[PDB]
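Just one chain follows, in the form deposited in one PDB entry, and it is written as structure tokens.
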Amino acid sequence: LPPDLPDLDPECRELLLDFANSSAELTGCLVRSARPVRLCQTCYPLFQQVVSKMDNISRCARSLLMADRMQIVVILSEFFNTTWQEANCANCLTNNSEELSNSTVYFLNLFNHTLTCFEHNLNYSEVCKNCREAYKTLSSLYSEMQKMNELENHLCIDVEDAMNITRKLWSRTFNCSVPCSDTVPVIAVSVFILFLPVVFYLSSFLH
């Protein structure tokens, strides 16, 4: 036989079976950290090693990627990169994807504090009292990170899911609301301005 036509070169079968090992690991990592979204903080070394194992084959490149109309190693890496770009996991990682950044590890520690205060303060009025001060600094830090990453141009999915859980737990299912009676001064200035055109139209008609 000639090489590569019905089978694979032996220095090319090993570079497919390790990329098969790290891709199953990455898929399992994604689906296990799927719904409590711990995705960008659990699956970053598996993603980086999938990227490295593709870089170690694109540097039998002609015998794996460009050899069929369907490019399985290409389309699965491109799926991983679309998953990684759509999650914006680069926001959760610091500069060279070595560890979690200081902004995210500080944010995810207040999320734990706010949930422990939610648990300890269990009628949702003792919840709304004594814990409005932690929700306030949590929401302000979220706005700080959001404008901070706007100074570069969604955030990381790991922090958006945490803030989504916290807001969904605070606004509904706790119903912590602010009354803010301001209807009566708003009506009186509304009626006063809307009464100016009939005065202008009558006094110009009579005179």
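If you superpose the two forms and keep the largest set of C-alpha atoms that fall within 1.5 Å, you have the rigid core. All residue numbers are counted from 1 along the displayed sequence.
Below, we turn to the form deposited in another entry, even though it does not appear here.
Only one candidate in 71, 81, 101, 88 has its Cα displaced by 2 Å or more between this form and the one not shown after core superposition: 101. After superposing the rigid core, the Cα of residue 190 is displaced by 2 Å or more between this form and the one not shown.
Fitting the two forms on the rigid core leaves the C-alpha of residue 199 displaced by at least 2 angstroms between this form and the one not shown. In that other deposited form, the CA atoms of residue 97 and residue 114 draw together by 3 angstroms or more relative to this form. CA of residue 100 to CA of residue 22: farther apart by 3 Å or more in that other deposited form than in the shown form.
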